[PDB]
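**Q** Here it is: the structure, laid out below.
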Amino acid sequence: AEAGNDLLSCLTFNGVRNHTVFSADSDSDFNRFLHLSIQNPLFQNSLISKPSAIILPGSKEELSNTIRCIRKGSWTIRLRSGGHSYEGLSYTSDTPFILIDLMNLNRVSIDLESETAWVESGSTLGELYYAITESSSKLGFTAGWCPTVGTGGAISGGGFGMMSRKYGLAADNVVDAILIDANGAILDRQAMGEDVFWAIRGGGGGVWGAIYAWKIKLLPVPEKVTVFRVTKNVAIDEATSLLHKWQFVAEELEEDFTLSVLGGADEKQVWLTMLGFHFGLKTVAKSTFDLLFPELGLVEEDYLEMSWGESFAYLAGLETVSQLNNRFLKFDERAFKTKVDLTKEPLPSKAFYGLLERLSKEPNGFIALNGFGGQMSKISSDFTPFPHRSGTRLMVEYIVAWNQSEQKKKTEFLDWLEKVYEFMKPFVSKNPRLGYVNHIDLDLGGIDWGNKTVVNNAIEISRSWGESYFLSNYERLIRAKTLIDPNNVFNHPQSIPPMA
Ligand SMILES: *[C@@H]1O[C@H](CO)[C@@H](O[C@@H]2O[C@H](CO)[C@@H](O[C@@H]3O[C@H](CO)[C@@H](O)[C@H](O[C@H]4O[C@H](CO)[C@@H](O)[C@H](O)[C@@H]4O[C@H]4O[C@H](CO)[C@@H](O)[C@H](O)[C@@H]4O[C@H]4O[C@H](CO)[C@@H](O)[C@H](O)[C@@H]4O)[C@@H]3O)[C@H](O)[C@H]2NC(C)=O)[C@H](O)[C@H]1NC(C)=O
Ligand SMILES: *Cc1cc2c(nc3c(=O)[nH]c(=O)nc-3n2C[C@H](O)[C@H](O)[C@H](O)COP(=O)(O)OP(=O)(O)OC[C@H]2O[C@@H](n3cnc4c(N)ncnc43)[C@H](O)[C@@H]2O)c(*)c1C
Ligand SMILES: COc1ccc(C[C@H]2c3cc(O)c(OC)cc3CCN2C)cc1O
Ligand SMILES: *[C@@H]1O[C@H](CO)[C@@H](O)[C@H](O)[C@H]1NC(C)=O
Ligand SMILES: [Cl-]
């Protein structure tokens, strides 16, 4: 439960010089490094579990040796890249643990010849994107709308982004990877085998080992794409109409179009931010939406043309493109709780109406609506661990957030969210209610790896969220887990169990 001369001497010997031991002092490097990448303030209070030590390996070898060193002791290993885990699963642990922060492993190498990039797993989506923009104005990538999200976790869980309707998930565009196993062995795709290389591409972070790097195929983008970020202030009726048509418009659009929705309310006043992206020019985009979705009341000045980088930065809400390269630019200072859904049937407008009413009851709540279809429909459900492909229509996530001034009311917020999730149950996927691993959710349960009764039955107990996240791919994920980590060194409350 301590740090100690053994671990410290082991690190020092292997020349892993960047590490600090636990200290409550606000002005200590330990505390500062700890809270640097805690992206959900819900897990920042003094009662939360703290790492005995934080290690910041500066290279692949330092990472391997770090893992080797921690292995010599009793600590649970925690890997943190961007720290965007909704449940703080990268910096918390029931058992005493060591925090391996990967923020120094944030280097990108772009190959304009192969049109691929080697990305150290501590790189955020923003840093990667920015690198790409620096190297090329014809190239881009897709992984999710949040620039401060680490590639290490996001790609490990998939990565559903602004252009996933054309290119699929981030994990779907990974051609190689350097993963460090429980024994510090450095393995490329060649070394790790196709089952493990399959598993790490969406199978969840903190399960298979430490991804040192991702070799991703860079994605073509026109010199100019078109976007619009337009907040509509309306009543619940018009909002209901708009969302109800939105599901169909968005799902049935070509792959060169992405219409996502942020939404919220406050009694009478319902706000809906429309985020539109067109793989192409303003004229084509505005024409397409003027025909297909004229009820949006989108005008000429709403559609802006810009580079891909500028567009992602714009829809993320960043002031400039350069802000992408800033990993500590907080997206939102508020502690949050978010649950997600995936639909296979179209939503009745009463689902949207109920959602909007509930949102009107709680101004701190909001929703995010993304369409699937397009390229997502074409990729086989077993190409990568992410199963929700053909037949999947919408990703509907419900978020509730609050500042510290509101922290006393925490539970209420949670309660509200719970109700929302219960209200949406009949209209969404069933048997099982589908989930998404990057949208990790402990309400679905959790494994206590200290309880050997549970551990003996780990697989079936984990099936509850396992089928939710992966469906039919769960079995192959288990085989892969058994292959790459039979001693379950990489575990968390919802990690894939090894075979018995
Ligand atoms: C464990 O890991 C942690 C996390 O990585 C480590 O903490 C990090 O430590 C970094 C230093 O090694 C530190 O980087 C610094 O970040 C600050 C921002 O807080 C930034 O200002 C610093 O940038 C200066 O230095 C770098 C080179 O080291 C230069 O590339 C850069 O241009 C800056 O130098 C210039 O600006 C300074 C003022 O900001 C001037 O004082 C300086 O003279 C210089 O000015 C010249 O260059 C300018 C630009 O060309 C020019 O305009 C001007 O006219 C002059 O010509 C630096 O990057 C990280 O902040 C820190 N990270 C965190 C999160 O804390 C830690 O070190 C590791 N621990 C161990 C044990 O190794
Ligand atoms: C905070 C946040 C998350 C978002 C946002 N938007 C998303 C989007 O538009 N599309 C998405 O598909 N997902 C979005 N998400 C969720 C993120 O995708 C997930 O939260 C990612 O898992 C976050 O990754 P990361 O930033 O690295 O957070 P961590 O807590 O460090 O990692 C999570 C998980 O993965 C393990 N892990 C971290 N690092 C590694 C390495 N390199 N190797 C193996 N495993 C790793 C951790 O242990 C942890 O279990 C928008 C916002 C605002
Ligand atoms: C169009 O694409 C999207 C855009 C924005 C989001 C919201 C984002 C978020 C935004 C916040 O402000 C926030 O407050 C703490 C928490 C969260 C967690 C959920 N999350 C993923 C989701 C999307 O899918
Ligand atoms: C292990 O889990 C089972 C099922 O929840 C429970 O009955 C038992 O008390 C637990 N044992 C320990 C050691 O906590
Ligand atoms: Cl993206």
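**Q** Six or more apart or on different chains, Cβ atoms under 7 Å: show the pairs whose first residue is in the range 7-27 and in contact (Cβ under 8 Å) with a residue 24 or more places away in the chain and assigned to a loop (DSSP other than H, G, I, E, B) and whose second is among the hydroxyl-bearing types (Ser, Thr, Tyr) and more than 14 Å from ligand 1 (Cβ to nearest atom).
**A** 22/52
**Q** Here's another thing I want to ask about it. In the range 15-59, which residues are more than 16 Å from ligand 3 (Cβ to nearest atom), aliphatic (A, V, I, L, M) and under 17 Å from residue 335 (Cα atoms)?
**A** Matches in the range 15-59: 34, 36, 47, 48.
**Q** For residue 131, which of the numbered conditions (1) away from ligand 1 (no atom under 16 Å from the Cβ); (2) surrounded by 24 or more Cβ atoms within 10 Å (Cβ to Cβ) fails to hold?
**A** For residue 131, the exception is condition (2).
**Q** Separate question: Answer yes or no as to whether residue 403 is over 30 Å from residue 173 (Cβ atoms), surrounded by fewer than 19 Cβ atoms within 10 Å (Cβ to Cβ) and more than 16 Å from ligand 4 (Cβ to nearest atom). Break it down stepwise before answering.
**A** On the way: over 30 Å from residue 173 (Cβ atoms): yes; surrounded by fewer than 19 Cβ atoms within 10 Å (Cβ to Cβ): yes; more than 16 Å from ligand 4 (Cβ to nearest atom): yes.
So residue 403 passes the test.
**Q** Let me ask something additional. Being outside any loop (DSSP other than H, G, I, E, B) and closer than 18 Å to residue 325 by Cβ, is that true of even one residue in the range 176-187? Walk me through it before giving the result.
**A** Just the residues of the range 176-187 that are outside any loop (DSSP other than H, G, I, E, B), to begin with: 176-180, 186-187.
Of the ones still in play, those that are also closer than 18 Å to residue 325 by Cβ are none.
No, the range 176-187 contains no residue that is outside any loop (DSSP other than H, G, I, E, B) and closer than 18 Å to residue 325 by Cβ.
**Q** Still on this structure, please answer the following. Answer with yes or no whether residue 61 is charged (D, E, K, R) and not in a loop (DSSP other than H, G, I, E, B). Walk me through it before giving the result.
**A** On the way: charged (D, E, K, R): yes; not in a loop (DSSP other than H, G, I, E, B): yes.
For residue 61, the condition - charged (D, E, K, R) and not in a loop (DSSP other than H, G, I, E, B) - is met.
**Q** Select, from 93, 109, 114, 137, the only residue that is more than 19 Å from the chain's Cα centre (by Cα), without any contact (Cβ under 8 Å) to a residue 60 or more places away in the chain and assigned to a loop (DSSP other than H, G, I, E, B).
**A** Values: 93 fails: without any contact (Cβ under 8 Å) to a residue 60 or more places away in the chain; 109 fails: assigned to a loop (DSSP other than H, G, I, E, B); 137 fails: without any contact (Cβ under 8 Å) to a residue 60 or more places away in the chain.
None of the others qualify; the one that does is 114.
**Q** Additional query: Quick check on this structure: which one of 463, 433 is without any contact (Cβ under 8 Å) to a residue 12 or more places away in the chain, away from ligand 2 (no atom under 15 Å from the Cβ) and closer than 29 Å to residue 143 by Cβ?
**A** Numbers: 433 fails: without any contact (Cβ under 8 Å) to a residue 12 or more places away in the chain.
Sole residue among the options that is without any contact (Cβ under 8 Å) to a residue 12 or more places away in the chain, away from ligand 2 (no atom under 15 Å from the Cβ) and closer than 29 Å to residue 143 by Cβ: 463.
**Q** Test residue 139 against the stated conditions and say whether it is more than 25 Å from residue 319 (Cβ to Cβ), away from ligand 1 (no atom under 16 Å from the Cβ) and not basic (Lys, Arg).
**A** Values: more than 25 Å from residue 319 (Cβ to Cβ): no; away from ligand 1 (no atom under 16 Å from the Cβ): yes; not basic (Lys, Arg): yes.
No, not satisfied.
**Q** Looking at residue 340, is it more than 16 Å from ligand 1 (Cβ to nearest atom), under 24 Å from residue 251 (Cβ atoms) and within 20 Å of the chain's Cα centre (by Cα)? First the steps, then the outcome.
**A** Working: more than 16 Å from ligand 1 (Cβ to nearest atom): yes; under 24 Å from residue 251 (Cβ atoms): yes; within 20 Å of the chain's Cα centre (by Cα): yes.
Yes, satisfied.
**Q** Just for helices (runs of 4 or more DSSP H) wholly inside the range 422-500: which have at least 3 residues that are surrounded by 21 or more Cβ atoms within 10 Å (Cβ to Cβ)? Write out each step before concluding.
**A** Numbers: elements: 452-456, 458-470, 474-484.
In the range 422-500, 458-470, 474-484 are the helices (runs of 4 or more DSSP H) which contain 3 or more residues that are surrounded by 21 or more Cβ atoms within 10 Å (Cβ to Cβ).
**Q** Write out, first by first residue and then by second, each pair whose Cβ atoms fall under 6 Å of each other, whose residues are 6+ apart or on separate chains, and whose first residue, in the range 229-258, is without any contact (Cβ under 8 Å) to a residue 60 or more places away in the chain while the second is surrounded by fewer than 20 Cβ atoms within 10 Å (Cβ to Cβ) and polar (S, T, N, Q).
**A** Filtered contacts from the range 229-258: 231/273.
**Q** Would you mind listing the strands (runs of 3 or more DSSP E) fully within the range 201-318 where at least 3 residues are more than 24 Å from the chain's Cα centre (by Cα)?
**A** Details: elements: 210-217, 225-234, 257-266, 269-278, 304-306.
Of the strands (runs of 3 or more DSSP E) lying wholly inside the range 201-318, those with at least 3 residues that are more than 24 Å from the chain's Cα centre (by Cα) span 225-234, 269-278, 304-306.
**Q** In addition: Would you point out which residue out of 79, 99 is more than 16 Å from ligand 3 (Cβ to nearest atom) and either of a type in the set (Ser, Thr, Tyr) or over 17 Å from the mean Cα position of the chain (by Cα) (or both)?
**A** Only one candidate passes the filter, namely 99.
**Q** For residue 126, state whether it is assigned by CATH to the domain that holds residue 445 and within 22 Å of residue 7 (Cβ to Cβ). Break it down into steps so the answer makes sense when it comes.
**A** On the way: assigned by CATH to the domain that holds residue 445: yes; within 22 Å of residue 7 (Cβ to Cβ): no.
No: the conditions fail for residue 126.
Residues checked against (1) crowded, with 17+ Cβ neighbours inside 10 Å; (2) within 13 Å of ligand 2 (Cβ to nearest atom):
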position: 14; (1), (2): yes, no
position: 46; (1), (2): no, no
position: 50; (1), (2): yes, no
position: 65; (1), (2): yes, no
position: 68; (1), (2): yes, no
position: 77; (1), (2): yes, yes
position: 91; (1), (2): yes, yes
position: 95; (1), (2): no, no
position: 112; (1), (2): no, no
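**Q** If I go through the range 328-343 residue by residue, how many of them are among the hydrophobic types (A, V, I, L, M, F, W, C) and touching a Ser or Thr at 6+ places or on another chain (Cβ under 7 Å)?
**A** Count: 3.
**Q** Restricted to the range 318-337, and to residues that are in the same structural domain as residue 368 (by CATH) and farther than 14 Å from residue 37 by Cα, which residue is nearest to ligand 1 (Cβ to nearest atom)?
**A** Filtering the range 318-337 for residues that are in the same structural domain as residue 368 (by CATH) and farther than 14 Å from residue 37 by Cα, the one nearest to ligand 1 (Cβ to nearest atom) comes out as 336.
**Q** Here is a further query. Exactly one of these conditions fails for residue 223: (1) more than 16 Å from ligand 5 (Cβ to nearest atom); (2) surrounded by 17 or more Cβ atoms within 10 Å (Cβ to Cβ). Give me its number.
**A** With (1) more than 16 Å from ligand 5 (Cβ to nearest atom); (2) surrounded by 17 or more Cβ atoms within 10 Å (Cβ to Cβ) applied to residue 223, the lone miss is (2).
**Q** Which of the residues spanning the range 377-409 are touching a residue at least 40 places away in the same chain (Cβ under 8 Å) and more than 23 Å from the chain's Cα centre (by Cα)?
**A** Those that are touching a residue at least 40 places away in the same chain (Cβ under 8 Å) and more than 23 Å from the chain's Cα centre (by Cα): 404, 406, 407.
**Q** Taking the condition assigned to a helix (DSSP H, G or I), more than 19 Å from residue 125 (Cβ to Cβ) and within 13 Å of ligand 1 (Cβ to nearest atom), does residue 31 pass? Walk me through how you get there before you give the answer.
**A** Details: assigned to a helix (DSSP H, G or I): yes; more than 19 Å from residue 125 (Cβ to Cβ): yes; within 13 Å of ligand 1 (Cβ to nearest atom): yes.
The answer is yes for residue 31.
Using ideal geometry, Cβ is built from the backbone for each residue, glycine included, and neighbour counts are taken over all protein chains shown. Numbers and lists here come from the model and the stated rules, or from a named source; no laboratory instrument gave them.
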